[PDB]
Amino acid sequence: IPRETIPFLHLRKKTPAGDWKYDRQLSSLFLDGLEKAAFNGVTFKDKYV
Amino acid sequence: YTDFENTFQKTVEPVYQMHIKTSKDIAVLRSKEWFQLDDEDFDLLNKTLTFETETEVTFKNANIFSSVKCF
Amino acid sequence: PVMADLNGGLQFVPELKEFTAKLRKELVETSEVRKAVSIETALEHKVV
């Protein structure tokens, strides 16, 4: 991820003021999950939708 | 007979049980002077207290006790 | 179109719902504790 930039897909964290802003940690977690789903694949066993 | 000065009565009161459900009960108990605890910080919430009291009463007349002790 | 915020600074407190609940809880608890203590003191006085 570049420094001081907003990824196209990201996760927002609610600030104490009540507004949702881009969050590096949550966005990185989501992008890592997407990378794993892209390369290894993601299972949904025992998942009822 | 009317010599109440020589009359006294010891009675073992029945065993009483109280379940402390809320802090209101704790506040009520702590507001009582007679209710004393060795550990003042003892957590009484969600606890069952058993009271086994003995009452010594010295009579002033047929109705009014000259002195009342409950220990 | 205009947004007028007439909130009085209520948004700046963190966890407004929880703090409101805490205020109400402390007020109610003080009220019931005082009422119960007063009732029990009155009953002790009357029996004594």
# chains A, B, ... in the order shown; residues from 1 in each chain; ligands from 1
$ closest_atom_pairs --of "chain A" --to "chain C" --cutoff "12 Å" --atoms "only C-alpha atoms" --output "CSV"
residue,atom,partner,partner_atom,distance
A:14,CA,C:14,CA,11.9
A:15,CA,C:14,CA,10.0
A:16,CA,C:14,CA,6.2
A:17,CA,C:12,CA,6.4
A:18,CA,C:11,CA,8.0
A:19,CA,C:11,CA,10.8
$ write_last_selection --atoms "N, CA and C atoms" --output "PDB file, in the first residue's frame"
ATOM      1  N   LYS A  14     -14.982   3.857  12.948  1.00  0.00           N
ATOM      2  CA  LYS A  14     -15.742   4.969  13.498  1.00  0.00           C
ATOM      3  C   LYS A  14     -14.860   5.746  14.465  1.00  0.00           C
ATOM      4  N   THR A  15     -14.692   7.038  14.203  1.00  0.00           N
ATOM      5  CA  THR A  15     -13.917   7.886  15.084  1.00  0.00           C
ATOM      6  C   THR A  15     -14.713   8.177  16.355  1.00  0.00           C
ATOM      7  N   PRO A  16     -14.048   8.648  17.415  1.00  0.00           N
ATOM      8  CA  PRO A  16     -14.799   9.015  18.628  1.00  0.00           C
ATOM      9  C   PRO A  16     -15.849  10.080  18.378  1.00  0.00           C
ATOM     10  N   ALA A  17     -15.632  10.953  17.392  1.00  0.00           N
ATOM     11  CA  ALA A  17     -16.629  11.948  17.019  1.00  0.00           C
ATOM     12  C   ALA A  17     -17.857  11.337  16.358  1.00  0.00           C
ATOM     13  N   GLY A  18     -17.809  10.061  15.980  1.00  0.00           N
ATOM     14  CA  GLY A  18     -18.933   9.390  15.364  1.00  0.00           C
ATOM     15  C   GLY A  18     -18.869   9.258  13.860  1.00  0.00           C
ATOM     16  N   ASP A  19     -17.807   9.742  13.224  1.00  0.00           N
ATOM     17  CA  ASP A  19     -17.650   9.674  11.780  1.00  0.00           C
ATOM     18  C   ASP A  19     -16.762   8.496  11.403  1.00  0.00           C
TER      19      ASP A  19
END
$ closest_atom_pairs --of "chain C" --to "chain B" --cutoff "7 Å" --atoms "only C-alpha atoms" --output "tab-separated table"
residue	atom	partner	partner_atom	distance
C:32	CA	B:24	CA	6.9
C:33	CA	B:24	CA	5.2
C:36	CA	B:28	CA	6.6
C:37	CA	B:28	CA	5.4
$ select_by_dssp --residues "chain C" --states "helix (DSSP H, G or I)" --output "VMD selection string"
chain C and resid 10 to 12 16 to 47
$ write_last_selection --atoms "C-alpha atoms" --output "mmCIF file, in the first residue's frame"
data_model
loop_
_atom_site.group_PDB
_atom_site.id
_atom_site.type_symbol
_atom_site.label_atom_id
_atom_site.label_comp_id
_atom_site.auth_asym_id
_atom_site.auth_seq_id
_atom_site.Cartn_x
_atom_site.Cartn_y
_atom_site.Cartn_z
ATOM 1 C CA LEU C 10 -23.808 17.097 22.661
ATOM 2 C CA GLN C 11 -21.817 15.321 19.937
ATOM 3 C CA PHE C 12 -18.466 16.020 21.611
ATOM 4 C CA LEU C 16 -23.248 9.665 24.931
ATOM 5 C CA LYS C 17 -25.692 6.769 25.348
ATOM 6 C CA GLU C 18 -23.566 5.045 27.988
ATOM 7 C CA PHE C 19 -22.863 8.290 29.851
ATOM 8 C CA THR C 20 -26.570 9.171 29.837
ATOM 9 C CA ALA C 21 -27.358 5.713 31.200
ATOM 10 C CA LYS C 22 -24.684 6.192 33.870
ATOM 11 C CA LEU C 23 -26.151 9.545 34.925
ATOM 12 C CA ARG C 24 -29.654 8.095 35.168
ATOM 13 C CA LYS C 25 -28.337 5.042 37.026
ATOM 14 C CA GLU C 26 -26.459 7.126 39.599
ATOM 15 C CA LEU C 27 -29.461 9.406 40.134
ATOM 16 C CA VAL C 28 -31.918 6.525 40.489
ATOM 17 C CA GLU C 29 -29.586 4.574 42.777
ATOM 18 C CA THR C 30 -29.096 7.582 45.050
ATOM 19 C CA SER C 31 -32.859 8.153 45.152
ATOM 20 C CA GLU C 32 -33.789 4.560 46.034
ATOM 21 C CA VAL C 33 -30.942 4.245 48.551
ATOM 22 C CA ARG C 34 -31.999 7.431 50.335
ATOM 23 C CA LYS C 35 -35.678 6.451 50.286
ATOM 24 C CA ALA C 36 -34.976 2.968 51.664
ATOM 25 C CA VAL C 37 -32.644 4.303 54.362
ATOM 26 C CA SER C 38 -35.214 6.922 55.373
ATOM 27 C CA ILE C 39 -38.007 4.336 55.528
ATOM 28 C CA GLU C 40 -35.905 1.965 57.627
ATOM 29 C CA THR C 41 -34.785 4.758 59.952
ATOM 30 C CA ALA C 42 -38.431 5.761 60.371
ATOM 31 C CA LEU C 43 -39.471 2.181 61.147
ATOM 32 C CA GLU C 44 -36.610 1.809 63.633
ATOM 33 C CA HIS C 45 -37.672 5.050 65.317
ATOM 34 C CA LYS C 46 -41.313 3.956 65.479
ATOM 35 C CA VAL C 47 -40.523 0.532 66.943
#
$ residues_around --residues "range 21-25 of chain A" --least-positions-apart "6" --cutoff "8 Å" --atoms "only C-alpha atoms" --output "VMD selection string"
chain A and resid 6 10 to 15
$ select_by_dssp --residues "chain A" --states "strand (DSSP E)" --output "NGL selection string"
:A and (12-14 or 20-22)
$ write_last_selection --atoms "N, CA and C atoms" --output "PDB file, in the first residue's frame"
ATOM      1  N   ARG A  12     -13.490   1.080   7.046  1.00  0.00           N
ATOM      2  CA  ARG A  12     -13.532   2.321   7.799  1.00  0.00           C
ATOM      3  C   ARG A  12     -13.739   2.031   9.277  1.00  0.00           C
ATOM      4  N   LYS A  13     -13.143   2.874  10.114  1.00  0.00           N
ATOM      5  CA  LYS A  13     -13.303   2.808  11.558  1.00  0.00           C
ATOM      6  C   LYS A  13     -14.032   4.052  12.040  1.00  0.00           C
ATOM      7  N   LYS A  14     -14.982   3.857  12.948  1.00  0.00           N
ATOM      8  CA  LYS A  14     -15.742   4.969  13.498  1.00  0.00           C
ATOM      9  C   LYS A  14     -14.860   5.746  14.465  1.00  0.00           C
ATOM     10  N   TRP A  20     -17.043   7.916  10.240  1.00  0.00           N
ATOM     11  CA  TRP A  20     -16.313   6.757   9.743  1.00  0.00           C
ATOM     12  C   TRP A  20     -15.198   7.220   8.816  1.00  0.00           C
ATOM     13  N   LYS A  21     -13.970   6.812   9.127  1.00  0.00           N
ATOM     14  CA  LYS A  21     -12.795   7.202   8.364  1.00  0.00           C
ATOM     15  C   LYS A  21     -12.004   5.956   8.001  1.00  0.00           C
ATOM     16  N   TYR A  22     -11.240   6.065   6.918  1.00  0.00           N
ATOM     17  CA  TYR A  22     -10.367   4.977   6.495  1.00  0.00           C
ATOM     18  C   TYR A  22      -9.406   4.606   7.616  1.00  0.00           C
TER      19      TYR A  22
END
$ atom_distance --atom1 "CA of residue 13 in chain B" --atom2 "CA of residue 55 in chain B"
6.9 Å
$ residues_around --residues "residue 54 in chain B" --least-positions-apart "3" --cutoff "6 Å" --atoms "only C-alpha atoms" --output "ChimeraX atom specification"
/B:11-13,70-71
$ residues_around --residues "residue 17 in chain B" --least-positions-apart "2" --cutoff "12 Å" --atoms "only C-alpha atoms" --output "count of residues only"
11
$ atom_distance --atom1 "CA of residue 29 in chain A" --atom2 "CA of residue 44 in chain A"
18.3 Å
